[PDB]
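Reading through the structure tokens given below for one structure.
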Amino acid sequence: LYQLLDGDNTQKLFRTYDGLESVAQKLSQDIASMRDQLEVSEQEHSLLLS
Amino acid sequence: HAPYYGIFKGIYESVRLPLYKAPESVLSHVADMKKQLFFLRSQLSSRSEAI
Amino acid sequence: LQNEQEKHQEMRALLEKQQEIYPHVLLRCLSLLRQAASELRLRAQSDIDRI
């Protein structure tokens with residue numbers, strides 16, 4: 001699960017459960033942030049069209 | 001009362017996976033989320049180029 | 001639910017295509033009107049009316 005979330009084979013010598021929850025929160029935040037950017041971009045596009 | 005219940009409860013809530021779902025679904029779900037992230041990035045890039 | 005999600009993705013793809021074509025068509029119309037205003041009304045026709 002940690003490998004799936006961090007992508008980076010950075011052989012972190014010590015994986016913690018708290019670290020796992022943090023990386024999971026980051027993915028959710030990244031998706032939310034990307035959706036917000038897309039929404040902004042959609043507004044920008046709509047303004048240009050208007 | 002399982003020792004790791006509190007930690008995984010937190011992980012389920014972070015990835016927005018419902019608590020009633022089977023534990024075998026957690027990795028598949030996270031993989032799909034990553035897939036979605038890639039798709040959203042591609043859409044943003046396409047839209048930014050179009051604008 | 002799975003079918004409706006697939007339909008959603010298709011509709012979304014179509015919407016994105018239409019949003020890409022529409023502004024270009026508006027720009028072509030604007031370009032034609034600009035030509036009529038600048039080259040015909042302010043220049044060609046104004047000279048004719050004076051003479």
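In the structure tokens, chains take letters A, B, ... by order of appearance, with residues numbered from 1 within each chain and ligands from 1 in the order shown.
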
Who sits within 12 Å of residue 21 in chain C, only C-alpha atoms, same chain under 6 positions skipped, as number ranges by chain = A: 49; B: 50-51; C: 14-15, 27-28

Could you build a table of the residues in chain A lying no more than 8 Å from chain B, giving for each the nearest pair of atoms and their separation in Å rounded to one decimal place, using only C-alpha atoms, ordered by chain and ascending residue number, as JSON lines?
{"residue": "A:1", "atom": "CA", "partner": "B:27", "partner_atom": "CA", "distance": 6.3}
{"residue": "A:4", "atom": "CA", "partner": "B:31", "partner_atom": "CA", "distance": 7.2}
{"residue": "A:5", "atom": "CA", "partner": "B:30", "partner_atom": "CA", "distance": 7.6}
{"residue": "A:17", "atom": "CA", "partner": "B:7", "partner_atom": "CA", "distance": 7.0}
{"residue": "A:18", "atom": "CA", "partner": "B:7", "partner_atom": "CA", "distance": 7.8}
{"residue": "A:20", "atom": "CA", "partner": "B:11", "partner_atom": "CA", "distance": 7.7}
{"residue": "A:21", "atom": "CA", "partner": "B:11", "partner_atom": "CA", "distance": 5.2}
{"residue": "A:24", "atom": "CA", "partner": "B:14", "partner_atom": "CA", "distance": 5.9}
{"residue": "A:25", "atom": "CA", "partner": "B:14", "partner_atom": "CA", "distance": 5.0}
{"residue": "A:27", "atom": "CA", "partner": "B:15", "partner_atom": "CA", "distance": 7.6}
{"residue": "A:28", "atom": "CA", "partner": "B:15", "partner_atom": "CA", "distance": 6.0}
{"residue": "A:30", "atom": "CA", "partner": "B:37", "partner_atom": "CA", "distance": 7.6}
{"residue": "A:31", "atom": "CA", "partner": "B:37", "partner_atom": "CA", "distance": 5.7}
{"residue": "A:34", "atom": "CA", "partner": "B:40", "partner_atom": "CA", "distance": 6.5}
{"residue": "A:35", "atom": "CA", "partner": "B:40", "partner_atom": "CA", "distance": 7.1}
{"residue": "A:37", "atom": "CA", "partner": "B:44", "partner_atom": "CA", "distance": 7.6}
{"residue": "A:38", "atom": "CA", "partner": "B:44", "partner_atom": "CA", "distance": 5.7}
{"residue": "A:41", "atom": "CA", "partner": "B:48", "partner_atom": "CA", "distance": 7.1}
{"residue": "A:45", "atom": "CA", "partner": "B:51", "partner_atom": "CA", "distance": 6.4}

Please produce an output containing N, CA and C atoms for each residue in the selection, written as a short mmCIF file (atom, residue, chain, number, x, y, z; two decimals), in the first residue's frame.
data_model
loop_
_atom_site.label_atom_id
_atom_site.label_comp_id
_atom_site.auth_asym_id
_atom_site.auth_seq_id
_atom_site.Cartn_x
_atom_site.Cartn_y
_atom_site.Cartn_z
N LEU A 1 0.83 -1.20 0.00
CA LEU A 1 0.00 0.00 0.00
C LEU A 1 0.86 1.26 0.00
N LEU A 4 2.39 1.68 -3.44
CA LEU A 4 1.36 2.15 -4.36
C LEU A 4 1.13 3.65 -4.20
N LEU A 5 1.22 4.21 -3.01
CA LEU A 5 0.93 5.61 -2.71
C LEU A 5 2.16 6.48 -2.96
N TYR A 17 3.19 3.58 10.15
CA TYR A 17 1.76 3.62 9.89
C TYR A 17 1.26 5.06 9.79
N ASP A 18 1.84 5.97 10.60
CA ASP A 18 1.50 7.39 10.52
C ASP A 18 1.90 7.98 9.17
N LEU A 20 2.07 6.25 6.42
CA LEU A 20 1.15 5.66 5.46
C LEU A 20 -0.14 6.46 5.38
N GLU A 21 -0.72 6.84 6.55
CA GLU A 21 -1.94 7.65 6.60
C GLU A 21 -1.71 9.02 5.96
N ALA A 24 -1.54 8.71 2.10
CA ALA A 24 -2.91 8.47 1.65
C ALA A 24 -3.71 9.77 1.61
N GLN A 25 -3.56 10.64 2.66
CA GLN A 25 -4.22 11.95 2.71
C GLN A 25 -3.74 12.85 1.59
N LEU A 27 -2.72 11.90 -1.46
CA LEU A 27 -3.35 11.49 -2.71
C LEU A 27 -4.75 12.08 -2.84
N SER A 28 -5.50 11.97 -1.76
CA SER A 28 -6.85 12.53 -1.75
C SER A 28 -6.82 14.04 -1.97
N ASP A 30 -4.39 15.72 -3.52
CA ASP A 30 -3.96 15.96 -4.89
C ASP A 30 -5.13 15.87 -5.86
N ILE A 31 -5.97 14.90 -5.66
CA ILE A 31 -7.13 14.72 -6.53
C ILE A 31 -8.08 15.91 -6.37
N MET A 34 -6.54 18.93 -7.99
CA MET A 34 -6.64 18.84 -9.44
C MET A 34 -8.05 19.15 -9.91
N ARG A 35 -9.07 18.67 -9.20
CA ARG A 35 -10.46 18.97 -9.54
C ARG A 35 -10.74 20.46 -9.42
N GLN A 37 -8.49 22.88 -9.77
CA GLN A 37 -7.80 23.54 -10.87
C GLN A 37 -8.58 23.40 -12.17
N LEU A 38 -9.11 22.26 -12.33
CA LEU A 38 -9.91 22.04 -13.52
C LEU A 38 -11.14 22.94 -13.52
N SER A 41 -10.03 26.37 -14.36
CA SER A 41 -9.77 26.40 -15.79
C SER A 41 -11.06 26.44 -16.59
N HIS A 45 -12.18 29.46 -19.09
CA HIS A 45 -12.65 29.16 -20.43
C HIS A 45 -14.03 29.77 -20.68
#

Find the residues in chain A near chain C: any atom within 12 Å counts, using only C-alpha atoms. Write them as a PDB file with N, CA, C and O atoms, in the first residue's frame.
ATOM      1  N   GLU A  42     -12.077  25.750 -16.149  1.00  0.00           N
ATOM      2  CA  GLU A  42     -13.387  25.757 -16.796  1.00  0.00           C
ATOM      3  C   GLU A  42     -14.035  27.136 -16.717  1.00  0.00           C
ATOM      4  O   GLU A  42     -14.669  27.587 -17.673  1.00  0.00           O
ATOM      5  N   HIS A  45     -12.181  29.463 -19.086  1.00  0.00           N
ATOM      6  CA  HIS A  45     -12.655  29.157 -20.431  1.00  0.00           C
ATOM      7  C   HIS A  45     -14.030  29.767 -20.681  1.00  0.00           C
ATOM      8  O   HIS A  45     -14.271  30.357 -21.737  1.00  0.00           O
ATOM      9  N   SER A  46     -14.920  29.623 -19.754  1.00  0.00           N
ATOM     10  CA  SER A  46     -16.268  30.173 -19.857  1.00  0.00           C
ATOM     11  C   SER A  46     -16.236  31.692 -19.982  1.00  0.00           C
ATOM     12  O   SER A  46     -17.010  32.275 -20.745  1.00  0.00           O
ATOM     13  N   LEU A  47     -15.360  32.418 -19.267  1.00  0.00           N
ATOM     14  CA  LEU A  47     -15.206  33.865 -19.342  1.00  0.00           C
ATOM     15  C   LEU A  47     -14.713  34.291 -20.722  1.00  0.00           C
ATOM     16  O   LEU A  47     -15.208  35.266 -21.289  1.00  0.00           O
ATOM     17  N   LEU A  48     -13.752  33.527 -21.162  1.00  0.00           N
ATOM     18  CA  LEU A  48     -13.246  33.822 -22.497  1.00  0.00           C
ATOM     19  C   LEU A  48     -14.350  33.691 -23.541  1.00  0.00           C
ATOM     20  O   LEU A  48     -14.482  34.543 -24.423  1.00  0.00           O
ATOM     21  N   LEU A  49     -15.122  32.646 -23.458  1.00  0.00           N
ATOM     22  CA  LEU A  49     -16.222  32.426 -24.391  1.00  0.00           C
ATOM     23  C   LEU A  49     -17.261  33.538 -24.280  1.00  0.00           C
ATOM     24  O   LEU A  49     -17.781  34.010 -25.293  1.00  0.00           O
ATOM     25  N   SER A  50     -17.588  34.040 -23.053  1.00  0.00           N
ATOM     26  CA  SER A  50     -18.540  35.124 -22.830  1.00  0.00           C
ATOM     27  C   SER A  50     -18.028  36.437 -23.412  1.00  0.00           C
ATOM     28  O   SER A  50     -18.802  37.223 -23.962  1.00  0.00           O
TER      29      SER A  50
END

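Between chain B and the candidates C:10, C:1, C:39, C:16, the tightest atom-to-atom separation, counting only C-alpha atoms, involves C:16.
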